[PDB]
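Since the structure comes first, as structure tokens, the remarks are kept for the end.
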Amino acid sequence: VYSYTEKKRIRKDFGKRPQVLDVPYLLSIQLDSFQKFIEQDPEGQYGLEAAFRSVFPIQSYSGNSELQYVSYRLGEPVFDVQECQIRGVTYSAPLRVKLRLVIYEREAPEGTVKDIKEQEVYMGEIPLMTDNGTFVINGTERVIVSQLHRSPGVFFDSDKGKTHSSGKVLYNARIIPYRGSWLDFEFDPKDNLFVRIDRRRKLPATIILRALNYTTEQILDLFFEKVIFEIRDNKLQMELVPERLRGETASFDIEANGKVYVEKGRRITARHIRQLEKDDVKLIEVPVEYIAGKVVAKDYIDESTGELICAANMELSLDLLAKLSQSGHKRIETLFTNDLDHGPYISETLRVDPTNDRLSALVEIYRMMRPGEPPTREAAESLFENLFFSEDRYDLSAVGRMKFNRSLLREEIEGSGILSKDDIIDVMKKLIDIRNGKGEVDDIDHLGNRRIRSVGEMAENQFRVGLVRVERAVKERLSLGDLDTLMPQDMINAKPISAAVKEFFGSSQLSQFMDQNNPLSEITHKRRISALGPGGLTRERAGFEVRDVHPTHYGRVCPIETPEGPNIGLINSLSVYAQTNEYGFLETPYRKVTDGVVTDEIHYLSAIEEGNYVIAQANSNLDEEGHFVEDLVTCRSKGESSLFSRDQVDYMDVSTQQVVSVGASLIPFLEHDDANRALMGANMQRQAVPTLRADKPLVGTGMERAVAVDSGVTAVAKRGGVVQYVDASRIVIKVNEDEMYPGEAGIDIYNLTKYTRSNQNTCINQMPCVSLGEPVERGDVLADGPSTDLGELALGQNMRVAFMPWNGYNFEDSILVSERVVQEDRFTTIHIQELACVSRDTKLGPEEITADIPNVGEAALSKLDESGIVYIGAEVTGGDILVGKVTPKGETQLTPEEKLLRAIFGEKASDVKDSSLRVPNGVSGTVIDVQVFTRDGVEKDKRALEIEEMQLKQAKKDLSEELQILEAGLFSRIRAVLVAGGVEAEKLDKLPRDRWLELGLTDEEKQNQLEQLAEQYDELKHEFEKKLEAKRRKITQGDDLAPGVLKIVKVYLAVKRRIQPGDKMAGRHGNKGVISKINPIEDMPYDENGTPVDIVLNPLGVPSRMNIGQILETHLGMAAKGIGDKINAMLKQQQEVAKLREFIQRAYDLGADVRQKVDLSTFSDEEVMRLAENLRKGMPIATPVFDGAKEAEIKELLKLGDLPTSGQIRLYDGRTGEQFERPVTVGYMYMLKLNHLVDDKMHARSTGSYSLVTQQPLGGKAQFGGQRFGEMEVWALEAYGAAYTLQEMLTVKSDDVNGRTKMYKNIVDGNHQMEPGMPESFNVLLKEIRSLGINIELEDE
Amino acid sequence: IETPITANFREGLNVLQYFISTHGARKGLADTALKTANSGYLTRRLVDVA
Amino acid sequence: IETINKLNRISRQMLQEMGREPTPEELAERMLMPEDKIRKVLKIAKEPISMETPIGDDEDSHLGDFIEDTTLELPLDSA
RNA sequence: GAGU
Ligand SMILES: [Mg+2]
């Protein structure tokens, strides 16, 4: 028993690997991360919670009054989605927060015992996310695209070569906190360590520690290696560490207490070191020849007088050694700076730094940062400490802190907001190591080094921004009036909060128009991830670095999804199965392999973790639920790829398709297509427009069901059950007793979206698929969305394509098609354009909407009614007026000529400009729906009235029917509860439907069920009346519009969009083309069967561009249709079901090691015959990506479809009748009509509107602009000797007013001359130079 | 890389092979975008001199 | 000026107690002024946007690149 | 985004 819709149509799977775990909800990122922001979780510092506790409780300056945060609540959305679209508003919910104003006493110590006023204050309206993961902003759908960015924490970069002729290896540590200024520590070419606070200018790292309260000595301690040197009798002894002299050549004679070890001069090997080590050497007898050239630790004064003999960190000389030991101090502290492993780094910084105490260190901080400010101590202290250690300005976040902990290898993951002093020193520690060649560098592009910011996290960010400004204002008002009289509700403002929010959603680059051309584009677009936006890279900011492909993108981002040109490398698609951890690192699911054996355990790993373990490829061969086929298997690890043994093998790829995103996964023969074209293929799919007659892809991937279902453009069954009533408007289903709850009613409601307009003008119409009284279960596809078939993505349509040259019609990827395409209406698309007219009031006069139009044909007037409104459903053409509007005309002094004229005919010319909204040039069709926006004050026009009454009609119908059919299922169950114990049908049926208030029998757990449904009727009377009231209130109520705006009329106009020559079309393989000619059916070459061809693509557009997958698709496409038409033939000849069953089952089991074993037999005759009908016009097959149908399986299929094995057939020319000299490749390819329509891209312009300043034509057919003749274009002309062409471009055709006007006149009269002048652009320029105070002028000749 | 690709487009390449090819692909396409702008700049320079 | 000031101060209150926005009628009630005066003040209210303003989210057009000049009549109309 |  398969599900009932699958019985209606299954598509065959050629995949050899069985994918174990399921298809996740693809747009989970969006849903789940938005849910983060709302999350009512108590301890979880997320969204509202996190921001509130960060700000709250906010105590007054005085320390007496405080505002405390209790809990919040979200009002249920005030106005619905469709209304927001219609009225141009943003869809938002009210936020209120329980605050408690709490007043402590001055007098009583900390007597929290003064006043508590507790209440809910209003904080404004917050944009809500739609069900599909989208947003409603100013009347339009946008999506917030997830964002890549470099994570806060610590980066250690290398300057490879760079500056210098040397190529000096200059390492640097970059510290990025979530909130706060940044620290830079980089190496001078001279090996000196420089800091840049806030990356401004370089100074010594040492002085930072000075500010931190550290003196020179403590510094030298925590970095370099201590070595104790004792002075006794007359000889020098050191406290010696064994491992210190390793790898050094020899000067003096080491003795170890007794015996000699080391030859004087000869390079010591490792063995001599252990000998001496185990000999318990506490004090080796060193000559003082060594110490000539070392360096000192601390500041040694002479206790007896206290004069400064020698200072810290100085060069070592003979004479002062004597004076020193005479001060009675016979225990000093040399430094270990031997180059190589521990080079003179920090010491060198110290030397160049002339700055001294904590004081001049603080002042030097302050000087660089604020040049020209006095060294007031308070300024210095306050600056430095508040720079890095301040709670409100500096926050690493859990994110920053945890990743910082990873660079340093710190014990606990948990972090406090501020940088601890110890953190700082650690940085520099690792720095030194690296400089030696001890440590390794961090890769800028590592996956673990970039985090992904989903909507929840970014929302939280900008809400915290609104809250920061709120804090300045609120804390200021907390000292405002008296502590007694004021209220917190009056003091707390929404403005900056809601302003910051609407700026994030509306104005951010991350909040962008989604592509809704097809469900694919939507789905994909939402899960695209950009490295751009706030806190991220710009276009100029991007070099080779980030644009190039990291191997770690494997299984996480699809490597081939991305816009070409400027955006390439920036924006990529999330690959299928990858998802975010709590911290916003991408994880990919992998199969555990426990020492050789492959378990069913799924482990999600981050990038850095992935690098560690050895993973087998998805294609690698496995043995029956146990071990591997291959002794040496194909594996990846440490970023690298090669052959490895079973024993080290820790994991394995979950499935083949895990590499790639959504778009690319649909491409069946992807393995045979080059990436250049693969890329473009995924892109093109997004631009495909659905035709009214959506067809399922016959050449698929099995993928096509999951895509469609998740897009949510179709209608799906929540509970399933049996379909009780189906309408092309609503589908009502009676749920099965299993899933049905007994208290509520079990009638499920699906309102259907019919012929609705998308953002890109594309149609979204949902048609019902299943039949009335059919059983379906949960998650079956009821109604198809636009580009969807019975659950399948039906982006396009599949046609008969012959690869072959035509008489130059298929030239350079040009495309040749049959008249039959038009004939069948395939690739005809419905487009809705929405057009508005505004009635405003200037001080020049209130504009009115009326049918009153001076001096127009009554022919045009005819389509208008009394109010000036088109009759709904009229078919309109270019030039025709939809909506009448009249405007007060200004003053015009008519030439005496016109006064004369006007007097003569006396035509009633009143000062009124025709404002009425005209129909588009070159676009026509039927109006569906017109809408009215009545302002409140002035009453509605007759049309406004009538239309709002039509709203009434509809509204009322719907609610009534909703109520009544609910009862039918309710009273149906109560009769099914009444017939059990005491079987009394007849009497009940005839006894009146409304009188069943009186009925009642025995009491137990069943009268418990009677009163339940019984109090369901009593709440429907009350609830339904409030329902009716709600709807009544919002239609009549005065629409809050833009100030100055009296009224509006938006109008939806339908467009019937025919494919024509110059339209854009493509297949799934990136092969594209413009249509050059539609040939009559007679021209079309034809088969042996007499079947004429549909489309001719040029074969020569294939091999060098390297998409072989389309050829494979061709052949598979033919094979599919072969099975389908053989089924049709046996169906027309009746025959018997058994034979059909036998053939078709053997067909399913055709594939080599095909997974899908459908031993059919048990299926009932209805299901079988129904299914055969659907596959009458071709079996839908699935070659899944990288594990689909290889070449062998394809050829086998063609023979059982009675085909020549090559899939090339001999073809007859419809023109001449002659056979072609060799066989040609034909078959079905699934193709599409793209969003680019030559209809729009035609732009005609002779003359029209000019720009204000330069007086050049504006741009684009948008405002009837002229095309720009640019620098380059100029150059063409200049290449030739054409002076006057030039001059036309430069003068008469651009900014020369005199020239174009008088030349127009002369052209009309039959002249054709120039009559030259001066470009006004240049006049512009001259005077602009003169405003700069520069003399520019014409020298008279 | 030392290990080359054994298969051909007719045979169909595998996980690893296809992934390995993408690097070069992408580098090529990015090359286009950047390089023609530098070329264009150059050419305008030439033009403006002569 | 003074009147503008009054407006916005009351606006907050009204927005917070209504739940959403004050319609011109409702605002005018609390001000003790005439509705058309309030409506015309709202109209006069909004200040000029820069001519160089990047209207294109991509620094594509600076408002001026949309600008039509009503003073210049077409050569067609000159004829 | 499209294309050169
Ligand atoms: Mg081509």
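To be explicit about the labels: the chains of the structure tokens are called A, B, and onward in the order shown, and within each one the residues are counted from 1, while ligands get numbers from 1 in the order they are shown.
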Those in range 707-823 of chain A with strand (DSSP E) from DSSP, as a PyMOL selection string: chain A and resi 715-716+720-726+730-734+747-751+756-757+763-764+767-768+775-777+781-784+797-803+815-818
Deliver the residues from the most recent selection as a file, using C-alpha atoms, as a PDB file, in the first residue's frame.
ATOM      1  CA  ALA A 715      -2.219  22.935  -1.605  1.00  0.00           C
ATOM      2  CA  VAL A 716      -1.447  19.913   0.588  1.00  0.00           C
ATOM      3  CA  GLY A 720      -6.103  13.704   4.882  1.00  0.00           C
ATOM      4  CA  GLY A 721      -9.280  11.589   5.011  1.00  0.00           C
ATOM      5  CA  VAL A 722     -11.949  11.540   2.239  1.00  0.00           C
ATOM      6  CA  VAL A 723     -12.592  14.577   0.004  1.00  0.00           C
ATOM      7  CA  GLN A 724     -16.213  15.641   0.600  1.00  0.00           C
ATOM      8  CA  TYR A 725     -16.599  18.663  -1.597  1.00  0.00           C
ATOM      9  CA  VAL A 726     -14.342  20.034  -4.331  1.00  0.00           C
ATOM     10  CA  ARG A 730     -12.497  25.679  -2.092  1.00  0.00           C
ATOM     11  CA  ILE A 731     -11.825  22.077  -1.231  1.00  0.00           C
ATOM     12  CA  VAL A 732     -13.401  20.548   1.859  1.00  0.00           C
ATOM     13  CA  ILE A 733     -12.219  17.304   3.318  1.00  0.00           C
ATOM     14  CA  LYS A 734     -13.743  14.926   5.924  1.00  0.00           C
ATOM     15  CA  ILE A 747     -13.990  19.289   8.567  1.00  0.00           C
ATOM     16  CA  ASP A 748     -10.784  20.631   7.026  1.00  0.00           C
ATOM     17  CA  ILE A 749     -10.760  23.896   5.092  1.00  0.00           C
ATOM     18  CA  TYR A 750      -8.731  24.706   2.009  1.00  0.00           C
ATOM     19  CA  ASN A 751      -9.340  28.141   0.408  1.00  0.00           C
ATOM     20  CA  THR A 756      -3.281  35.635  -8.518  1.00  0.00           C
ATOM     21  CA  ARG A 757      -0.470  38.053  -9.527  1.00  0.00           C
ATOM     22  CA  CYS A 763       0.529  33.942 -12.592  1.00  0.00           C
ATOM     23  CA  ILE A 764      -0.194  31.839  -9.555  1.00  0.00           C
ATOM     24  CA  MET A 767      -6.042  23.879  -9.621  1.00  0.00           C
ATOM     25  CA  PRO A 768      -7.506  20.812  -7.821  1.00  0.00           C
ATOM     26  CA  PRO A 775      -9.270   8.981  -0.095  1.00  0.00           C
ATOM     27  CA  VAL A 776      -5.937  10.686   0.483  1.00  0.00           C
ATOM     28  CA  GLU A 777      -3.635  10.746   3.488  1.00  0.00           C
ATOM     29  CA  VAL A 781      -0.843  17.126  -2.983  1.00  0.00           C
ATOM     30  CA  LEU A 782      -4.418  18.311  -3.483  1.00  0.00           C
ATOM     31  CA  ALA A 783      -4.237  21.356  -5.641  1.00  0.00           C
ATOM     32  CA  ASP A 784      -1.359  22.068  -7.987  1.00  0.00           C
ATOM     33  CA  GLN A 797       7.146  21.469 -21.046  1.00  0.00           C
ATOM     34  CA  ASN A 798       8.839  18.689 -22.970  1.00  0.00           C
ATOM     35  CA  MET A 799       8.951  18.654 -26.750  1.00  0.00           C
ATOM     36  CA  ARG A 800      10.218  16.759 -29.767  1.00  0.00           C
ATOM     37  CA  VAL A 801      13.566  18.166 -30.627  1.00  0.00           C
ATOM     38  CA  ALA A 802      15.673  17.309 -33.596  1.00  0.00           C
ATOM     39  CA  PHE A 803      19.289  18.216 -33.447  1.00  0.00           C
ATOM     40  CA  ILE A 815      16.067  28.352 -32.416  1.00  0.00           C
ATOM     41  CA  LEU A 816      13.555  26.963 -34.985  1.00  0.00           C
ATOM     42  CA  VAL A 817      10.046  25.889 -34.008  1.00  0.00           C
ATOM     43  CA  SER A 818       6.755  24.552 -35.337  1.00  0.00           C
TER      44      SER A 818
END
Per-residue DSSP, range 2-49 of chain B, filtered to alpha helix (DSSP H), as a PDB file with N, CA and C atoms, in the first residue's frame:
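Okay, states33.pdb is ready:
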ATOM      1  N   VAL B  15      31.510  12.480  -7.987  1.00  0.00           N
ATOM      2  CA  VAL B  15      31.503  13.442  -6.879  1.00  0.00           C
ATOM      3  C   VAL B  15      32.745  14.320  -6.895  1.00  0.00           C
ATOM      4  N   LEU B  16      33.812  13.582  -6.660  1.00  0.00           N
ATOM      5  CA  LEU B  16      35.114  14.162  -6.450  1.00  0.00           C
ATOM      6  C   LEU B  16      35.610  14.832  -7.710  1.00  0.00           C
ATOM      7  N   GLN B  17      35.426  14.176  -8.855  1.00  0.00           N
ATOM      8  CA  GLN B  17      35.892  14.707 -10.126  1.00  0.00           C
ATOM      9  C   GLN B  17      35.199  16.023 -10.441  1.00  0.00           C
ATOM     10  N   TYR B  18      33.877  16.007 -10.293  1.00  0.00           N
ATOM     11  CA  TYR B  18      33.108  17.188 -10.652  1.00  0.00           C
ATOM     12  C   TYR B  18      33.481  18.360  -9.735  1.00  0.00           C
ATOM     13  N   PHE B  19      33.560  18.075  -8.429  1.00  0.00           N
ATOM     14  CA  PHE B  19      33.997  19.060  -7.439  1.00  0.00           C
ATOM     15  C   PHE B  19      35.364  19.657  -7.801  1.00  0.00           C
ATOM     16  N   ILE B  20      36.296  18.779  -8.161  1.00  0.00           N
ATOM     17  CA  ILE B  20      37.635  19.217  -8.533  1.00  0.00           C
ATOM     18  C   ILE B  20      37.625  20.144  -9.742  1.00  0.00           C
ATOM     19  N   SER B  21      36.699  19.932 -10.674  1.00  0.00           N
ATOM     20  CA  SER B  21      36.641  20.783 -11.861  1.00  0.00           C
ATOM     21  C   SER B  21      36.105  22.188 -11.583  1.00  0.00           C
ATOM     22  N   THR B  22      35.218  22.273 -10.600  1.00  0.00           N
ATOM     23  CA  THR B  22      34.592  23.556 -10.314  1.00  0.00           C
ATOM     24  C   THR B  22      35.555  24.682  -9.987  1.00  0.00           C
ATOM     25  N   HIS B  23      36.646  24.354  -9.289  1.00  0.00           N
ATOM     26  CA  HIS B  23      37.655  25.353  -8.879  1.00  0.00           C
ATOM     27  C   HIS B  23      38.103  26.186 -10.107  1.00  0.00           C
ATOM     28  N   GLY B  24      38.581  25.461 -11.123  1.00  0.00           N
ATOM     29  CA  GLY B  24      39.033  26.057 -12.371  1.00  0.00           C
ATOM     30  C   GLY B  24      37.934  26.806 -13.088  1.00  0.00           C
ATOM     31  N   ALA B  25      36.755  26.201 -13.129  1.00  0.00           N
ATOM     32  CA  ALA B  25      35.600  26.849 -13.723  1.00  0.00           C
ATOM     33  C   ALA B  25      35.399  28.255 -13.170  1.00  0.00           C
ATOM     34  N   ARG B  26      35.230  28.293 -11.854  1.00  0.00           N
ATOM     35  CA  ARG B  26      34.945  29.519 -11.155  1.00  0.00           C
ATOM     36  C   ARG B  26      36.051  30.543 -11.348  1.00  0.00           C
ATOM     37  N   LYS B  27      37.299  30.078 -11.255  1.00  0.00           N
ATOM     38  CA  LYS B  27      38.445  30.970 -11.450  1.00  0.00           C
ATOM     39  C   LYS B  27      38.362  31.615 -12.843  1.00  0.00           C
ATOM     40  N   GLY B  28      37.981  30.822 -13.847  1.00  0.00           N
ATOM     41  CA  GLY B  28      37.825  31.330 -15.210  1.00  0.00           C
ATOM     42  C   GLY B  28      36.783  32.436 -15.314  1.00  0.00           C
ATOM     43  N   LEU B  29      35.610  32.144 -14.778  1.00  0.00           N
ATOM     44  CA  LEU B  29      34.529  33.096 -14.856  1.00  0.00           C
ATOM     45  C   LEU B  29      34.818  34.416 -14.119  1.00  0.00           C
ATOM     46  N   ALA B  30      35.509  34.309 -12.992  1.00  0.00           N
ATOM     47  CA  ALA B  30      35.875  35.505 -12.241  1.00  0.00           C
ATOM     48  C   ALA B  30      36.932  36.311 -13.007  1.00  0.00           C
ATOM     49  N   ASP B  31      37.825  35.568 -13.666  1.00  0.00           N
ATOM     50  CA  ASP B  31      38.851  36.147 -14.527  1.00  0.00           C
ATOM     51  C   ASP B  31      38.207  37.076 -15.512  1.00  0.00           C
ATOM     52  N   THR B  32      37.196  36.580 -16.229  1.00  0.00           N
ATOM     53  CA  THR B  32      36.445  37.382 -17.183  1.00  0.00           C
ATOM     54  C   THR B  32      36.078  38.786 -16.636  1.00  0.00           C
ATOM     55  N   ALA B  33      35.299  38.755 -15.558  1.00  0.00           N
ATOM     56  CA  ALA B  33      34.748  39.963 -14.966  1.00  0.00           C
ATOM     57  C   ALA B  33      35.848  40.956 -14.651  1.00  0.00           C
ATOM     58  N   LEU B  34      36.919  40.491 -14.007  1.00  0.00           N
ATOM     59  CA  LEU B  34      37.946  41.442 -13.576  1.00  0.00           C
ATOM     60  C   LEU B  34      38.809  41.933 -14.743  1.00  0.00           C
ATOM     61  N   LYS B  35      39.003  41.033 -15.687  1.00  0.00           N
ATOM     62  CA  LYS B  35      40.093  41.295 -16.609  1.00  0.00           C
ATOM     63  C   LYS B  35      39.626  42.250 -17.673  1.00  0.00           C
ATOM     64  N   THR B  36      38.348  42.168 -18.002  1.00  0.00           N
ATOM     65  CA  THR B  36      37.920  43.012 -19.101  1.00  0.00           C
ATOM     66  C   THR B  36      37.827  44.439 -18.641  1.00  0.00           C
ATOM     67  N   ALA B  37      37.677  44.661 -17.340  1.00  0.00           N
ATOM     68  CA  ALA B  37      37.613  46.026 -16.850  1.00  0.00           C
ATOM     69  C   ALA B  37      38.973  46.697 -16.931  1.00  0.00           C
ATOM     70  N   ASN B  38      40.004  45.911 -16.647  1.00  0.00           N
ATOM     71  CA  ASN B  38      41.369  46.402 -16.737  1.00  0.00           C
ATOM     72  C   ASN B  38      41.735  46.667 -18.197  1.00  0.00           C
ATOM     73  N   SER B  39      41.284  45.771 -19.062  1.00  0.00           N
ATOM     74  CA  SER B  39      41.468  45.909 -20.492  1.00  0.00           C
ATOM     75  C   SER B  39      40.809  47.193 -20.987  1.00  0.00           C
ATOM     76  N   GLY B  40      39.567  47.393 -20.568  1.00  0.00           N
ATOM     77  CA  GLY B  40      38.788  48.544 -20.979  1.00  0.00           C
ATOM     78  C   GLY B  40      39.465  49.832 -20.583  1.00  0.00           C
ATOM     79  N   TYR B  41      39.849  49.907 -19.312  1.00  0.00           N
ATOM     80  CA  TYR B  41      40.626  51.022 -18.765  1.00  0.00           C
ATOM     81  C   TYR B  41      41.841  51.339 -19.657  1.00  0.00           C
ATOM     82  N   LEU B  42      42.596  50.298 -19.963  1.00  0.00           N
ATOM     83  CA  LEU B  42      43.758  50.437 -20.805  1.00  0.00           C
ATOM     84  C   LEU B  42      43.398  51.112 -22.118  1.00  0.00           C
ATOM     85  N   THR B  43      42.426  50.513 -22.785  1.00  0.00           N
ATOM     86  CA  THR B  43      42.097  50.933 -24.125  1.00  0.00           C
ATOM     87  C   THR B  43      41.701  52.413 -24.117  1.00  0.00           C
ATOM     88  N   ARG B  44      40.924  52.818 -23.116  1.00  0.00           N
ATOM     89  CA  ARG B  44      40.522  54.221 -23.053  1.00  0.00           C
ATOM     90  C   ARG B  44      41.715  55.123 -22.878  1.00  0.00           C
ATOM     91  N   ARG B  45      42.733  54.624 -22.205  1.00  0.00           N
ATOM     92  CA  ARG B  45      43.959  55.375 -22.005  1.00  0.00           C
ATOM     93  C   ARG B  45      44.631  55.651 -23.344  1.00  0.00           C
ATOM     94  N   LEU B  46      44.794  54.571 -24.103  1.00  0.00           N
ATOM     95  CA  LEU B  46      45.385  54.636 -25.431  1.00  0.00           C
ATOM     96  C   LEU B  46      44.701  55.657 -26.321  1.00  0.00           C
ATOM     97  N   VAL B  47      43.379  55.519 -26.317  1.00  0.00           N
ATOM     98  CA  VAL B  47      42.497  56.380 -27.070  1.00  0.00           C
ATOM     99  C   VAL B  47      42.734  57.819 -26.710  1.00  0.00           C
ATOM    100  N   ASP B  48      42.828  58.055 -25.419  1.00  0.00           N
ATOM    101  CA  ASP B  48      42.881  59.417 -24.986  1.00  0.00           C
ATOM    102  C   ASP B  48      44.218  60.057 -25.312  1.00  0.00           C
ATOM    103  N   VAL B  49      45.271  59.257 -25.501  1.00  0.00           N
ATOM    104  CA  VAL B  49      46.557  59.816 -25.912  1.00  0.00           C
ATOM    105  C   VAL B  49      46.636  60.202 -27.373  1.00  0.00           C
TER     106      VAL B  49
END
Residue contacts of residue 66 in chain C (10 Å, only C-alpha atoms (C1' of nucleotides)) excluding same-chain residues fewer than 6 positions away, as a CSV table (one decimal) with N, CA and C atoms, in the first residue's frame:
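Result written to result.csv:
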chain,number,residue,atom,x,y,z
A,1249,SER,N,10.5,63.0,-23.7
A,1249,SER,CA,10.9,63.8,-22.5
A,1249,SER,C,12.4,64.0,-22.4
A,1250,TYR,N,12.9,65.1,-21.9
A,1250,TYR,CA,14.3,65.5,-21.7
A,1250,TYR,C,14.6,65.5,-20.2
A,1251,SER,N,15.9,65.4,-19.9
A,1251,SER,CA,16.4,65.6,-18.6
A,1251,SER,C,16.4,67.0,-18.2
A,1252,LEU,N,16.3,67.3,-16.9
A,1252,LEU,CA,16.2,68.7,-16.5
A,1252,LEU,C,17.5,69.5,-16.8
A,1257,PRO,N,17.8,63.6,-23.4
A,1257,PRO,CA,16.8,62.6,-23.2
A,1257,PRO,C,17.0,61.8,-22.0
A,1258,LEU,N,16.0,61.4,-21.3
A,1258,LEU,CA,16.2,60.5,-20.2
A,1258,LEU,C,16.4,59.1,-20.7
A,1259,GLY,N,16.5,58.1,-19.7
A,1259,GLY,CA,16.8,56.8,-20.1
A,1259,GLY,C,15.6,55.8,-20.1
A,1262,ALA,N,10.9,53.3,-20.2
A,1262,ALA,CA,10.2,53.7,-19.0
A,1262,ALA,C,9.6,55.1,-19.2
A,1263,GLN,N,10.5,56.1,-19.5
A,1263,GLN,CA,9.9,57.4,-19.7
A,1263,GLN,C,10.1,57.9,-21.1
A,1265,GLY,N,12.6,57.3,-23.0
A,1265,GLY,CA,13.9,57.8,-23.1
A,1265,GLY,C,14.7,57.3,-24.3
C,55,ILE,N,18.7,57.4,-6.0
C,55,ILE,CA,17.4,56.8,-6.0
C,55,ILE,C,17.5,55.4,-6.2
At most 10 Å to chain D: residues in chain A, only C-alpha atoms (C1' of nucleotides), as an NGL selection string: :A and (563-564 or 683 or 687 or 1236)
Export, as a compact mmCIF listing (two decimals), in the first residue's frame, the selected residues with C-alpha atoms.
# COMPACT_ATOMS: atom_id res chain seq x y z
CA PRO A 563 25.38 35.16 -10.50
CA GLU A 564 28.07 35.84 -13.07
CA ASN A 683 20.36 30.14 -13.00
CA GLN A 687 13.84 32.50 -14.78
CA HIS A 1236 12.67 37.95 -20.89
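All residues, whether protein, DNA or RNA, that have an atom at most 10 Å from ligand 1 (counting only C-alpha atoms (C1' of nucleotides) and all ligand atoms) are residues 677, 812, 813, 814, 1070, 1071, 1072, 1073, 1098, 1100, 1101, 1102, 1104 and 1105 of chain A.
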Can you spit out the residues from that selection as an mmCIF file, in the first residue's frame, using N, CA and C atoms?
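Done, and the output landed in selection.cif:
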data_model
loop_
_atom_site.group_PDB
_atom_site.id
_atom_site.type_symbol
_atom_site.label_atom_id
_atom_site.label_comp_id
_atom_site.auth_asym_id
_atom_site.auth_seq_id
_atom_site.Cartn_x
_atom_site.Cartn_y
_atom_site.Cartn_z
ATOM 1 N N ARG A 677 28.302 25.676 -18.092
ATOM 2 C CA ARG A 677 26.933 25.593 -18.544
ATOM 3 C C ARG A 677 26.009 25.103 -17.415
ATOM 4 N N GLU A 812 23.546 30.530 -34.800
ATOM 5 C CA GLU A 812 24.391 30.557 -33.629
ATOM 6 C C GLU A 812 23.492 30.475 -32.403
ATOM 7 N N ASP A 813 23.241 29.224 -32.023
ATOM 8 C CA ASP A 813 22.269 28.839 -30.977
ATOM 9 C C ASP A 813 20.876 29.509 -31.207
ATOM 10 N N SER A 814 20.583 29.855 -32.449
ATOM 11 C CA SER A 814 19.263 30.344 -32.787
ATOM 12 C C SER A 814 18.303 29.163 -32.745
ATOM 13 N N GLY A 1070 21.765 24.650 -19.825
ATOM 14 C CA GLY A 1070 22.389 25.943 -20.041
ATOM 15 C C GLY A 1070 22.366 26.305 -21.510
ATOM 16 N N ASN A 1071 21.790 25.433 -22.327
ATOM 17 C CA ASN A 1071 21.679 25.707 -23.728
ATOM 18 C C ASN A 1071 20.440 26.559 -23.909
ATOM 19 N N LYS A 1072 20.690 27.668 -24.585
ATOM 20 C CA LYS A 1072 19.744 28.755 -24.675
ATOM 21 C C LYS A 1072 19.629 29.201 -26.120
ATOM 22 N N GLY A 1073 18.586 29.969 -26.407
ATOM 23 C CA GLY A 1073 18.394 30.495 -27.739
ATOM 24 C C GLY A 1073 17.189 31.403 -27.873
ATOM 25 N N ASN A 1098 20.241 23.618 -33.276
ATOM 26 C CA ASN A 1098 21.471 23.391 -33.980
ATOM 27 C C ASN A 1098 22.419 22.490 -33.176
ATOM 28 N N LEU A 1100 25.469 22.049 -33.598
ATOM 29 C CA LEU A 1100 26.786 22.616 -33.487
ATOM 30 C C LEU A 1100 26.878 23.588 -32.307
ATOM 31 N N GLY A 1101 25.761 23.797 -31.622
ATOM 32 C CA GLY A 1101 25.761 24.596 -30.407
ATOM 33 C C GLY A 1101 26.095 23.754 -29.198
ATOM 34 N N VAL A 1102 26.315 22.467 -29.407
ATOM 35 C CA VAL A 1102 26.539 21.554 -28.307
ATOM 36 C C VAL A 1102 28.001 21.274 -27.955
ATOM 37 N N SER A 1104 31.270 22.062 -28.450
ATOM 38 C CA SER A 1104 32.293 22.958 -27.962
ATOM 39 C C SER A 1104 31.850 23.682 -26.688
ATOM 40 N N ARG A 1105 30.546 23.853 -26.487
ATOM 41 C CA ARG A 1105 30.095 24.468 -25.231
ATOM 42 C C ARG A 1105 29.994 23.407 -24.110
#
